[PDB]
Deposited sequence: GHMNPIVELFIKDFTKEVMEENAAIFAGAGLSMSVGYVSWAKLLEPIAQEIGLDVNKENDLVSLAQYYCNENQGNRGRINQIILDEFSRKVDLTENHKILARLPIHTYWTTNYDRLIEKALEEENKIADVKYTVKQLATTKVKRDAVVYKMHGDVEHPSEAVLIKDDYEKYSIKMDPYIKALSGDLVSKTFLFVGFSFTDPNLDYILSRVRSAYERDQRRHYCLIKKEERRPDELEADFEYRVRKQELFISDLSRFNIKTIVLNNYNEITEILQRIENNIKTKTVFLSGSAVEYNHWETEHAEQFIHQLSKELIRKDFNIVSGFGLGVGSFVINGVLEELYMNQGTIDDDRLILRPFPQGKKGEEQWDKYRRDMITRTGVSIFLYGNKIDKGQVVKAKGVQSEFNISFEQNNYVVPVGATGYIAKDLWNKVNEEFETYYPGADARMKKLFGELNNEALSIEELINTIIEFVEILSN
């Protein structure tokens, strides 16, 4: 859909994110709904003191006065303005749902860690030198806040001068960052060419023209012409952005230039898709099938196997007529020792106490997935349709998962008819895709499996 450069980045970074060794380096722009910070305009506060930008040297020497109360007060004012100007965004949420375990930032706000906790992840937040010595138990991500934290205004780093005065507190973070930039693939975001600290930091952690360096990525927005402005001003900003991109290129950081900041979100969304569509939920139970039971068992079997063969992950509720053969199909390929990311089994607890929490149990096992495949769905009560499978359908759809009901294996059929009719509400688009979906509701086992697999692959755009 998007331009070839953006697509290439999406695929490469998807690869790096999925291997769970990618890092995010977040600027102040990420903490703004508009996607950027007008650094000059943010600092109207000196107009509120009558010190128009001569007075700046007096301000600098007031700030750098031996009495740290000065530093604390000014930090408090600026920080407060920042806090009064920031908000949580979908970017933070998407990033929080991604398997990213390393965040670097120069932001004071707690948006990243907040997004992490809202996703029930444990964040190891480090903004002091001593905190680098500790390791939080059961942490899912580390968040390095170099320039300090909003709840500690006097210790906050606002200007590069601190690096010069207090290297003992800044150098360990610089060391850590250098190492990470050697070892992890970074995405720089929220930085513009007017950012006051990025070039310094990069100059402290990266070598110029140094060959064979790890390639990192940075997303920015294209500079566009303003209505009431001379063309020299526009070409000025264009030139500045060009120099910024060149400097970033010197450190093997490839810059991707978007038309607008919203594209960032889109990109992130796409990346998440690429991830979530690789863990599949297999819904279904059966006592009855119009194939021979053993043959159907083999259908489920090799469906699972050629799910696993194509690097997919399976989460199963262990349906009576389906689960055992899913397991068999998985084990055929794995025992040639079970990786935990390939097959996750969640058999349902029987009894009153289990059924009391079966719903939360289902939501819990389906949350792990981004695509739900539906097979059969019958049980013994009297042969009766299994309501549980349709419930799993509902939960899947309220969770924005791609729904793939195999109508050949007729409750599955019922949902395939509920979706095939009124089809725009489930798959807004038409592409092979419409034909493939229709091809699921009496071919061979290989053919049907190929249909399902290729449909699910088409889903991961």
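- Absence of C-alpha coordinates is noted for several segments of the deposited sequence, namely 1, 45, 56-58, 295, 343-345, 392-393, 422, 444, 455-456.
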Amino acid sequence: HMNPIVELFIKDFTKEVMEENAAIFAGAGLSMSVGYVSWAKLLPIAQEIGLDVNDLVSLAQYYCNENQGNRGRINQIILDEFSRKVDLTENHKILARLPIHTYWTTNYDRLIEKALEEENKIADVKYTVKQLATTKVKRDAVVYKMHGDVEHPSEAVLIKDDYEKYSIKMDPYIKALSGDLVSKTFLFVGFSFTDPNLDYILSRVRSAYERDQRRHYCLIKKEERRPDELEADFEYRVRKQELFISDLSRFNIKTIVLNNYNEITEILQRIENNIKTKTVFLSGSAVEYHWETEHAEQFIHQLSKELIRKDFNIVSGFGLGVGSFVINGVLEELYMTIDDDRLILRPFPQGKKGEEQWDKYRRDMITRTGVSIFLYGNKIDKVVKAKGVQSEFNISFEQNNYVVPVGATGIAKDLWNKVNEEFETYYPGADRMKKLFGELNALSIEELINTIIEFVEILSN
From here on, numbers count along this sequence of modelled residues.
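- When the C-alpha B-factors of 32-40 and 411-419 are averaged, 411-419 comes out higher.
- Taking only CA atoms, the mean B-factor in the PDB entry is higher for 360-368 than for the other of 360-368 and 105-113.
- By the numbers in the PDB entry, the CA B factor is greatest at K353 among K353, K145, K221, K240.
- Comparing the C-alpha B-factors of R97, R71, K387, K184 in the entry, the top value falls on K387.
- Sorting the modelled residues of the chain by their CA temperature factor places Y335 in the highest third.
- Compared with the other modelled residues of the chain, the Cα B-factor recorded for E235 ranks in the highest third.
- In the PDB entry, a CA B factor belonging to the lowest third of its chain's modelled residues is recorded for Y163.
- Per-chain ranking of the deposited C-alpha B factor places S304 in the middle third.
- Ranked by Cα temperature factor within the chain, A296 sits in the highest third according to the deposited record.
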